[PDB]
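A.B. asks: These protein sequence lines map, in sequence, to chains A and B. Each residue of the first sequence is one higher than the one before, starting from 2 at the first, in UniProt numbering. Each residue of the second sequence is one higher than the one before, starting from 2 at the first, in UniProt numbering. All C-beta atoms in this analysis are idealised placements derived from N, C-alpha and C, irrespective of residue type, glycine included.
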Amino acid sequence: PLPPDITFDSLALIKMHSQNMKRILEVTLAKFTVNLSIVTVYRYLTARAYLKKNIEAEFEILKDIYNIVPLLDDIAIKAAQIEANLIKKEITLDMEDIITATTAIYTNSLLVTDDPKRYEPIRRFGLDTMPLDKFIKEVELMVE
Amino acid sequence: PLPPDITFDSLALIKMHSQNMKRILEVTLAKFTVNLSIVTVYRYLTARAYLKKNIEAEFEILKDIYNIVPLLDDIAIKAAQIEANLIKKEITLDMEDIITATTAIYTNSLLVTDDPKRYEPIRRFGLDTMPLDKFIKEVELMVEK
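#1: Report yes or no: is there a C-beta of chain A within less than 8 angstroms of the C-beta of B:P71?
#2: Just by C-beta distance, which residues in the UniProt domain "PINc" (8-125) of chain A are closer than 7 angstroms to chain B?
#3: In angstroms with no decimal places, state the Cα-to-Cα distance between A:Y43 and B:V140.
#4: Would you report the Cα separation of A:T34 and B:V70, rounded to the nearest angstrom?
#5: Determine, using beta carbons only, whether A:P132 comes closer than 8 angstroms to chain C.
#6: Which complete alpha helix (DSSP H) runs does the UniProt domain "PINc" (8-125) of chain B hold, if anything under 4 residues is left out?
#7: Rounded to the nearest angstrom, how far is the Cβ of A:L111 from that of A:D134, given a contact under 8 angstroms?
#8: With DSSP as the reference, label A:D134 as helix, strand or coil.
#9: Output needed for B:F126: all residues of its chain with C-beta closer than 7 angstroms, excluding positions within five of it in sequence on either side, in chain order.
#10: Under 8 angstroms, with one C-beta from each stretch per pair, do the segment 41-56 of chain A and the segment 6-24 of chain A reach the 3-pair mark?
#11: How would you label B:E59, buried or exposed, when you count the other beta carbons within 10 angstroms and need 16 or more for buried?
#12: Would A:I66 pass as a contact of A:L30 if the rule is Cβ separation under 8 angstroms?
#13: Within this structure, are the beta carbons of A:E97 and B:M96 separated by less than 8 angstroms?
#14: Buried or exposed, going by whether 16 or more other CB atoms sit within 10 Å of the CB of A:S11?
#15: Contact check, B:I99 vs B:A80 under 8 angstroms by CB: the rounded distance?
#16: Using DSSP's beta-bridge definition, name the partner residues of A:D6.
#17: Which whole-angstrom value describes the C-beta separation of A:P122 and A:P132, a residue pair presumed to lie in contact below a C-beta threshold of 8 angstroms?
#18: My output table needs one value for A:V144: the three-state DSSP class, helix, strand or coil.
#19: Measure the Cβ-Cβ separation of B:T101 and B:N36 and say whether it is below 8 angstroms.
#20: Under the rule that 16 or more other beta-carbon atoms within 10 Å means buried, what is B:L72, buried or exposed?
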């Protein structure tokens, strides 16, 4: 029941690359198109650079296995419109969340996340989400 | 003294595009290379979106006059290395400020800003900042000649 195009936020991506999720990641990469915002990639890389002196090799691997979507002009434009609208409704969200969410709408990617409630105000603009625990379970259910 | 390459953060850029600053801006664009992070552009456009302006046209206007620097690979990598270094010293910094500063280091732009203090932990990596009021004075004197 999962659509072909998905994405992750930074915390979800960090969990997806943890050693205990190897098998879910392999299946995910074998069966979905994964479109990561450069901003998500940036934040994941800050978590990686906390441990390692070299993160460049890491980035090259991500660029191969994922579609890394830049902060395109259309995304900058659409993010500005969404963020303006939310602020008027007394809701002001972090840059990372707006760009992640707007990039997901732009690529028609389902946003797999540990905290889907944080993006609930953006669903009005076409964003679809799924909890990571539920994504994982659905990947586990892909079993013969 | 201003170097050849300059950049603004979003609130500086907002003030720079005010009517009463038109002459400062024209000389700035004429005598310097201004290099804007896509982050900065995005922040500016959010303010324009809030005022119900034509955002496609406002982005075109900006691209027609500034060199807009994307979130390049090297910027992403360097920014991350910077942020991790800083977080390890218990320095929490905002993504946009990290990208804006890192983009300035990458293009060797002087970062002109209202709030130089918030980028002060990044100066160790090569960033140079200037207060906006001092920038305006430098450009004023060039105008009067």
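C.D. replies: So, from the data block:
#1: Interface annotation, B:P71: in contact with chain A, CB-CB separation under 8 angstroms.
#2: With the criterion set as a beta carbon lying under 7 angstroms from some beta carbon of chain B, the members of the UniProt domain "PINc" (8-125) of chain A are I39, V42, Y43, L46, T47, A50, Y51, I56, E57, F60, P71, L72, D74, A77, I78, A80, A81, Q82, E84, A85, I88, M96, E97, in sequence order.
#3: 36 angstroms
#4: 28 angstroms
#5: This model lacks chain C altogether; the protein chains it does include are A and B.
#6: Those alpha helix (DSSP H) runs which fall completely within the UniProt domain "PINc" (8-125) of chain B and span 4+ residues are 11-17, 23-32, 39-51, 56-64, 74-88, 96-107.
#7: That belief does not hold up - the Cβ atoms of A:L111 and A:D134 are roughly 15 angstroms apart, past 8 angstroms.
#8: helix
#9: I83, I106
#10: Under the Cβ criterion (8 angstroms, minimum of three pairs), the segment 41-56 of chain A counts as touching the segment 6-24 of chain A.
#11: buried
#12: yes
#13: yes
#14: buried
#15: The pair is a contact, with the Cβ atoms about 5 angstroms apart (cut-off 8 angstroms).
#16: A:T34
#17: That belief does not hold up - the Cβ atoms of A:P122 and A:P132 are roughly 17 angstroms apart, past 8 angstroms.
#18: coil
#19: no
#20: buried
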